[PDB]
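Source file: protein08.txt (compact mmCIF, N, CA and C atoms and all ligand atoms)
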```txt
# COMPACT_ATOMS: atom_id res chain seq x y z
N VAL N 399 22.05 -11.23 -168.45
CA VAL N 399 22.81 -10.92 -167.21
C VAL N 399 22.15 -11.57 -165.99
N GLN N 400 22.89 -12.46 -165.33
CA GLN N 400 22.39 -13.15 -164.15
C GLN N 400 23.51 -13.45 -163.17
N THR N 401 23.93 -12.44 -162.42
CA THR N 401 25.00 -12.60 -161.44
C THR N 401 24.63 -11.94 -160.11
N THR N 402 23.33 -11.89 -159.82
CA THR N 402 22.85 -11.28 -158.58
C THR N 402 21.70 -12.09 -157.99
N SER N 403 21.80 -13.41 -158.07
CA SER N 403 20.77 -14.29 -157.54
C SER N 403 21.29 -15.09 -156.36
N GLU N 404 20.64 -14.94 -155.21
CA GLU N 404 21.04 -15.65 -154.00
C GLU N 404 20.37 -17.02 -153.93
N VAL N 405 21.17 -18.06 -153.77
CA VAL N 405 20.66 -19.42 -153.68
C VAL N 405 20.36 -19.80 -152.23
N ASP N 406 19.88 -21.03 -152.04
CA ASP N 406 19.56 -21.52 -150.71
C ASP N 406 20.36 -22.78 -150.38
N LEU N 407 21.07 -22.74 -149.26
CA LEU N 407 21.88 -23.88 -148.84
C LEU N 407 21.01 -24.98 -148.24
N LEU N 408 21.10 -26.18 -148.81
CA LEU N 408 20.32 -27.31 -148.34
C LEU N 408 20.70 -27.67 -146.90
N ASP N 409 19.98 -27.09 -145.95
CA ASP N 409 20.24 -27.36 -144.54
C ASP N 409 20.05 -28.83 -144.21
N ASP N 410 20.85 -29.33 -143.28
CA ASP N 410 20.78 -30.73 -142.87
C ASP N 410 21.05 -30.89 -141.38
N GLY N 411 20.68 -29.87 -140.61
CA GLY N 411 20.90 -29.91 -139.17
C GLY N 411 21.63 -28.69 -138.66
N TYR N 412 22.90 -28.56 -139.02
CA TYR N 412 23.71 -27.43 -138.59
C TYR N 412 23.83 -26.39 -139.70
N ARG N 413 23.91 -25.12 -139.32
CA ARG N 413 24.03 -24.04 -140.28
C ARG N 413 25.46 -23.90 -140.78
N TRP N 414 25.73 -24.47 -141.95
CA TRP N 414 27.07 -24.41 -142.53
C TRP N 414 27.16 -23.31 -143.58
N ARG N 415 28.34 -22.71 -143.70
CA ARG N 415 28.56 -21.63 -144.66
C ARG N 415 29.76 -21.93 -145.54
N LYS N 416 29.64 -21.62 -146.83
CA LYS N 416 30.73 -21.86 -147.77
C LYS N 416 31.68 -20.67 -147.82
N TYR N 417 32.96 -20.94 -147.62
CA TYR N 417 33.98 -19.89 -147.64
C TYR N 417 34.90 -20.05 -148.84
N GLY N 418 35.17 -21.29 -149.22
CA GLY N 418 36.03 -21.56 -150.35
C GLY N 418 36.03 -23.02 -150.76
N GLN N 419 36.21 -23.27 -152.05
CA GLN N 419 36.22 -24.63 -152.57
C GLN N 419 37.51 -24.91 -153.34
N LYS N 420 37.80 -26.18 -153.57
CA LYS N 420 39.00 -26.58 -154.29
C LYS N 420 38.67 -27.56 -155.41
N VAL N 421 39.40 -27.45 -156.52
CA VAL N 421 39.18 -28.33 -157.66
C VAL N 421 40.40 -29.22 -157.91
N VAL N 422 40.16 -30.40 -158.47
CA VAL N 422 41.24 -31.34 -158.76
C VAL N 422 41.05 -31.99 -160.12
N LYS N 423 42.10 -31.98 -160.94
CA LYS N 423 42.04 -32.58 -162.27
C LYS N 423 41.89 -34.09 -162.18
N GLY N 424 42.50 -34.68 -161.16
CA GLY N 424 42.42 -36.12 -160.98
C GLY N 424 41.07 -36.58 -160.46
N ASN N 425 40.27 -35.63 -159.98
CA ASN N 425 38.95 -35.95 -159.46
C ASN N 425 37.85 -35.30 -160.30
N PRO N 426 36.79 -36.06 -160.63
CA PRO N 426 35.68 -35.55 -161.44
C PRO N 426 34.77 -34.60 -160.65
N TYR N 427 34.73 -34.79 -159.34
CA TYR N 427 33.90 -33.95 -158.48
C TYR N 427 34.76 -32.92 -157.73
N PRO N 428 34.25 -31.69 -157.57
CA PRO N 428 34.97 -30.62 -156.88
C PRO N 428 34.94 -30.79 -155.36
N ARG N 429 35.79 -30.04 -154.67
CA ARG N 429 35.86 -30.11 -153.21
C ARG N 429 35.21 -28.88 -152.58
N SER N 430 34.10 -29.09 -151.89
CA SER N 430 33.38 -28.00 -151.24
C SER N 430 33.65 -27.99 -149.74
N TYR N 431 34.09 -26.84 -149.22
CA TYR N 431 34.38 -26.70 -147.80
C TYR N 431 33.39 -25.76 -147.13
N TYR N 432 32.90 -26.16 -145.97
CA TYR N 432 31.94 -25.35 -145.22
C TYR N 432 32.39 -25.18 -143.77
N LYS N 433 31.54 -24.55 -142.97
CA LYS N 433 31.85 -24.32 -141.56
C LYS N 433 30.61 -23.85 -140.80
N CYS N 434 30.32 -24.53 -139.69
CA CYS N 434 29.16 -24.18 -138.87
C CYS N 434 29.32 -22.79 -138.27
N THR N 435 28.68 -21.80 -138.90
CA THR N 435 28.75 -20.42 -138.44
C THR N 435 27.57 -20.08 -137.54
N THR N 436 27.54 -20.67 -136.35
CA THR N 436 26.46 -20.43 -135.40
C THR N 436 26.89 -19.42 -134.34
N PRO N 437 25.93 -18.84 -133.61
CA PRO N 437 26.22 -17.85 -132.56
C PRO N 437 27.24 -18.37 -131.55
N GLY N 438 28.52 -18.09 -131.82
CA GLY N 438 29.57 -18.54 -130.93
C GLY N 438 30.26 -19.80 -131.42
N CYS N 439 29.53 -20.61 -132.18
CA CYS N 439 30.07 -21.85 -132.72
C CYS N 439 30.85 -21.59 -134.01
N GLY N 440 32.10 -22.03 -134.04
CA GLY N 440 32.93 -21.84 -135.22
C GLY N 440 33.57 -23.13 -135.69
N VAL N 441 32.74 -24.09 -136.10
CA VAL N 441 33.23 -25.37 -136.58
C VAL N 441 33.48 -25.34 -138.09
N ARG N 442 34.51 -26.06 -138.53
CA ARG N 442 34.85 -26.12 -139.94
C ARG N 442 34.91 -27.56 -140.43
N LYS N 443 34.12 -27.86 -141.46
CA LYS N 443 34.08 -29.21 -142.02
C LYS N 443 34.51 -29.20 -143.48
N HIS N 444 35.09 -30.31 -143.93
CA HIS N 444 35.55 -30.43 -145.30
C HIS N 444 34.83 -31.57 -146.02
N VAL N 445 34.20 -31.26 -147.14
CA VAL N 445 33.48 -32.26 -147.92
C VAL N 445 34.27 -32.68 -149.15
N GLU N 446 34.98 -33.80 -149.03
CA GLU N 446 35.79 -34.32 -150.14
C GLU N 446 35.29 -35.70 -150.57
N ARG N 447 35.43 -35.99 -151.86
CA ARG N 447 35.00 -37.27 -152.40
C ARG N 447 36.19 -38.05 -152.96
N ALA N 448 36.41 -39.25 -152.43
CA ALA N 448 37.51 -40.09 -152.88
C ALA N 448 37.22 -40.69 -154.25
N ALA N 449 37.96 -40.24 -155.26
CA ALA N 449 37.78 -40.74 -156.62
C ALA N 449 38.46 -42.09 -156.81
N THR N 450 39.74 -42.17 -156.43
CA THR N 450 40.50 -43.41 -156.56
C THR N 450 39.79 -44.56 -155.87
N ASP N 451 39.06 -44.25 -154.80
CA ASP N 451 38.32 -45.25 -154.05
C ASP N 451 36.92 -45.43 -154.62
N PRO N 452 36.28 -46.59 -154.36
CA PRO N 452 34.93 -46.88 -154.85
C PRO N 452 33.88 -45.97 -154.21
N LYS N 453 33.97 -44.68 -154.49
CA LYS N 453 33.03 -43.70 -153.95
C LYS N 453 33.17 -43.60 -152.43
N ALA N 454 34.21 -42.90 -151.98
CA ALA N 454 34.46 -42.73 -150.56
C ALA N 454 34.24 -41.28 -150.13
N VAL N 455 33.23 -41.07 -149.29
CA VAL N 455 32.91 -39.73 -148.80
C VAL N 455 33.67 -39.42 -147.52
N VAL N 456 34.85 -38.83 -147.65
CA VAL N 456 35.67 -38.49 -146.50
C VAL N 456 35.35 -37.08 -146.00
N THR N 457 34.81 -37.00 -144.78
CA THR N 457 34.45 -35.72 -144.19
C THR N 457 35.20 -35.50 -142.87
N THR N 458 35.89 -34.37 -142.78
CA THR N 458 36.64 -34.04 -141.57
C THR N 458 35.98 -32.91 -140.80
N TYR N 459 35.58 -33.19 -139.56
CA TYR N 459 34.93 -32.19 -138.72
C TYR N 459 35.93 -31.55 -137.77
N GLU N 460 36.40 -30.36 -138.12
CA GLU N 460 37.36 -29.64 -137.29
C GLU N 460 36.65 -28.78 -136.26
N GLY N 461 36.59 -29.26 -135.02
CA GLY N 461 35.94 -28.52 -133.96
C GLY N 461 34.71 -29.24 -133.43
N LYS N 462 34.22 -28.78 -132.28
CA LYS N 462 33.04 -29.38 -131.66
C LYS N 462 31.95 -28.34 -131.44
N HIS N 463 30.70 -28.75 -131.64
CA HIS N 463 29.57 -27.85 -131.47
C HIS N 463 29.41 -27.45 -130.01
N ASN N 464 28.79 -26.29 -129.78
CA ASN N 464 28.58 -25.79 -128.43
C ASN N 464 27.24 -25.06 -128.33
N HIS N 465 26.27 -25.49 -129.12
CA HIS N 465 24.95 -24.87 -129.12
C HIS N 465 23.85 -25.92 -129.24
N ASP N 466 24.19 -27.18 -128.98
CA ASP N 466 23.23 -28.27 -129.06
C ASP N 466 22.60 -28.35 -130.45
N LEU N 467 21.76 -29.36 -130.66
CA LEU N 467 21.10 -29.54 -131.94
C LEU N 467 19.85 -28.66 -132.03
N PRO N 468 19.73 -27.85 -133.10
CA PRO N 468 18.58 -26.97 -133.29
C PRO N 468 17.25 -27.72 -133.20
N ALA N 469 16.15 -26.98 -133.22
CA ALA N 469 14.82 -27.57 -133.14
C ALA N 469 14.19 -27.70 -134.52
ZN ZN Z 501 27.63 -25.73 -134.55
```
Translate this file's structure into structure tokens.
Amino acid sequence: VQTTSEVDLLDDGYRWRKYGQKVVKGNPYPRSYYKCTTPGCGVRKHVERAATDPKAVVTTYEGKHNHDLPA
């Protein structure tokens, strides 16, 4: 039994949180969606990988930050 282990999100600047992901049969890699859940900041980004294309990392940043870059 192992369904109570908390993992660690690989931070890369902004604090993003996972709310939901999407899968595609035509794509080998899954679609992970996150969102900058900072004090007052509510940005939502989408991490999708273009399969049909020669490895295309299409990322859509919905919203603008309002807390500057962390230290
Ligand atoms: Zn932010």
| query | What residues have any atom no more than 6 Å from ligand ZN 501 (chain Z) when counting only N, CA and C atoms and all ligand atoms, and can you list them as number ranges by chain? | reply | N: 412, 434-436, 439-441, 462-465
Selected residues written out, N, CA and C atoms, as a compact mmCIF listing (two decimals), in the coordinates of the input:
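Written output follows (out_23.txt):
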```
# COMPACT_ATOMS: atom_id res chain seq x y z
N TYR N 412 22.90 -28.56 -139.02
CA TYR N 412 23.71 -27.43 -138.59
C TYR N 412 23.83 -26.39 -139.70
N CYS N 434 30.32 -24.53 -139.69
CA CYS N 434 29.16 -24.18 -138.87
C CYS N 434 29.32 -22.79 -138.27
N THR N 435 28.68 -21.80 -138.90
CA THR N 435 28.75 -20.42 -138.44
C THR N 435 27.57 -20.08 -137.54
N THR N 436 27.54 -20.67 -136.35
CA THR N 436 26.46 -20.43 -135.40
C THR N 436 26.89 -19.42 -134.34
N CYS N 439 29.53 -20.61 -132.18
CA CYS N 439 30.07 -21.85 -132.72
C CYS N 439 30.85 -21.59 -134.01
N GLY N 440 32.10 -22.03 -134.04
CA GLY N 440 32.93 -21.84 -135.22
C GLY N 440 33.57 -23.13 -135.69
N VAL N 441 32.74 -24.09 -136.10
CA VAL N 441 33.23 -25.37 -136.58
C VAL N 441 33.48 -25.34 -138.09
N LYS N 462 34.22 -28.78 -132.28
CA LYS N 462 33.04 -29.38 -131.66
C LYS N 462 31.95 -28.34 -131.44
N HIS N 463 30.70 -28.75 -131.64
CA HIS N 463 29.57 -27.85 -131.47
C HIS N 463 29.41 -27.45 -130.01
N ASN N 464 28.79 -26.29 -129.78
CA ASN N 464 28.58 -25.79 -128.43
C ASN N 464 27.24 -25.06 -128.33
N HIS N 465 26.27 -25.49 -129.12
CA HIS N 465 24.95 -24.87 -129.12
C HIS N 465 23.85 -25.92 -129.24
```
For the interface of segment 408-433 of chain N with segment 445-458 of chain N (cut-off 8 Å, counting only N, CA and C atoms), please tabulate each contacting residue of segment 408-433 of chain N alongside its nearest pair of atoms and their separation in Å to one decimal, rows sorted by chain and increasing number, as a Markdown table.
```
| residue | atom | partner | partner_atom | distance |
| --- | --- | --- | --- | --- |
| N:424 | C | N:449 | CA | 6.5 |
| N:425 | CA | N:449 | CA | 5.7 |
| N:426 | N | N:449 | CA | 6.2 |
| N:427 | C | N:447 | N | 6.7 |
| N:428 | C | N:447 | N | 6.3 |
| N:429 | CA | N:445 | C | 5.1 |
| N:430 | C | N:445 | N | 4.2 |
| N:431 | CA | N:445 | N | 4.6 |
| N:432 | N | N:445 | N | 5.4 |
```
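Using only N, CA and C atoms, the nearest neighbour of residue 413 of chain N within the list N:433, N:401, N:438, N:459 is N:433.
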| said: One number please: atom CA of residue 403 of chain N to atom CA of residue 467 of chain N, in Å, one decimal. | reply: 29.8 Å
As a PDB file, keeping the file's coordinate frame, please: segment 443-457 of chain N completed to N, CA, C and O atoms.
```pdb
ATOM      1  N   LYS N 443      34.120 -27.860-141.460  1.00  0.00           N
ATOM      2  CA  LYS N 443      34.080 -29.210-142.020  1.00  0.00           C
ATOM      3  C   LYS N 443      34.510 -29.200-143.480  1.00  0.00           C
ATOM      4  O   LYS N 443      34.317 -28.214-144.189  1.00  0.00           O
ATOM      5  N   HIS N 444      35.090 -30.310-143.930  1.00  0.00           N
ATOM      6  CA  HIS N 444      35.550 -30.430-145.300  1.00  0.00           C
ATOM      7  C   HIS N 444      34.830 -31.570-146.020  1.00  0.00           C
ATOM      8  O   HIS N 444      34.848 -32.714-145.552  1.00  0.00           O
ATOM      9  N   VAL N 445      34.200 -31.260-147.140  1.00  0.00           N
ATOM     10  CA  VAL N 445      33.480 -32.260-147.920  1.00  0.00           C
ATOM     11  C   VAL N 445      34.270 -32.680-149.150  1.00  0.00           C
ATOM     12  O   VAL N 445      34.246 -32.012-150.180  1.00  0.00           O
ATOM     13  N   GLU N 446      34.980 -33.800-149.030  1.00  0.00           N
ATOM     14  CA  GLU N 446      35.790 -34.320-150.140  1.00  0.00           C
ATOM     15  C   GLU N 446      35.290 -35.700-150.570  1.00  0.00           C
ATOM     16  O   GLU N 446      34.808 -36.477-149.752  1.00  0.00           O
ATOM     17  N   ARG N 447      35.430 -35.990-151.860  1.00  0.00           N
ATOM     18  CA  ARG N 447      35.000 -37.270-152.400  1.00  0.00           C
ATOM     19  C   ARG N 447      36.190 -38.050-152.960  1.00  0.00           C
ATOM     20  O   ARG N 447      36.883 -37.571-153.860  1.00  0.00           O
ATOM     21  N   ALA N 448      36.410 -39.250-152.430  1.00  0.00           N
ATOM     22  CA  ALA N 448      37.510 -40.090-152.880  1.00  0.00           C
ATOM     23  C   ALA N 448      37.220 -40.690-154.250  1.00  0.00           C
ATOM     24  O   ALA N 448      36.334 -41.534-154.394  1.00  0.00           O
ATOM     25  N   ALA N 449      37.960 -40.240-155.260  1.00  0.00           N
ATOM     26  CA  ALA N 449      37.780 -40.740-156.620  1.00  0.00           C
ATOM     27  C   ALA N 449      38.460 -42.090-156.810  1.00  0.00           C
ATOM     28  O   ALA N 449      37.845 -43.044-157.283  1.00  0.00           O
ATOM     29  N   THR N 450      39.740 -42.170-156.430  1.00  0.00           N
ATOM     30  CA  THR N 450      40.500 -43.410-156.560  1.00  0.00           C
ATOM     31  C   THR N 450      39.790 -44.560-155.870  1.00  0.00           C
ATOM     32  O   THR N 450      39.894 -45.714-156.290  1.00  0.00           O
ATOM     33  N   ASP N 451      39.060 -44.250-154.800  1.00  0.00           N
ATOM     34  CA  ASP N 451      38.320 -45.250-154.050  1.00  0.00           C
ATOM     35  C   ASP N 451      36.920 -45.430-154.620  1.00  0.00           C
ATOM     36  O   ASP N 451      36.398 -44.546-155.293  1.00  0.00           O
ATOM     37  N   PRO N 452      36.280 -46.590-154.360  1.00  0.00           N
ATOM     38  CA  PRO N 452      34.930 -46.880-154.850  1.00  0.00           C
ATOM     39  C   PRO N 452      33.880 -45.970-154.210  1.00  0.00           C
ATOM     40  O   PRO N 452      33.011 -46.438-153.470  1.00  0.00           O
ATOM     41  N   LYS N 453      33.970 -44.680-154.490  1.00  0.00           N
ATOM     42  CA  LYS N 453      33.030 -43.700-153.950  1.00  0.00           C
ATOM     43  C   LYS N 453      33.170 -43.600-152.430  1.00  0.00           C
ATOM     44  O   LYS N 453      32.364 -44.154-151.687  1.00  0.00           O
ATOM     45  N   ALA N 454      34.210 -42.900-151.980  1.00  0.00           N
ATOM     46  CA  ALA N 454      34.460 -42.730-150.560  1.00  0.00           C
ATOM     47  C   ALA N 454      34.240 -41.280-150.130  1.00  0.00           C
ATOM     48  O   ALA N 454      34.965 -40.384-150.550  1.00  0.00           O
ATOM     49  N   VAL N 455      33.230 -41.070-149.290  1.00  0.00           N
ATOM     50  CA  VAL N 455      32.910 -39.730-148.800  1.00  0.00           C
ATOM     51  C   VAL N 455      33.670 -39.420-147.520  1.00  0.00           C
ATOM     52  O   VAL N 455      33.190 -39.715-146.419  1.00  0.00           O
ATOM     53  N   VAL N 456      34.850 -38.830-147.650  1.00  0.00           N
ATOM     54  CA  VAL N 456      35.670 -38.490-146.500  1.00  0.00           C
ATOM     55  C   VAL N 456      35.350 -37.080-146.000  1.00  0.00           C
ATOM     56  O   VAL N 456      35.578 -36.093-146.692  1.00  0.00           O
ATOM     57  N   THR N 457      34.810 -37.000-144.780  1.00  0.00           N
ATOM     58  CA  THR N 457      34.450 -35.720-144.190  1.00  0.00           C
ATOM     59  C   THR N 457      35.200 -35.500-142.870  1.00  0.00           C
ATOM     60  O   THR N 457      35.145 -36.337-141.971  1.00  0.00           O
TER      61      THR N 457
END
```
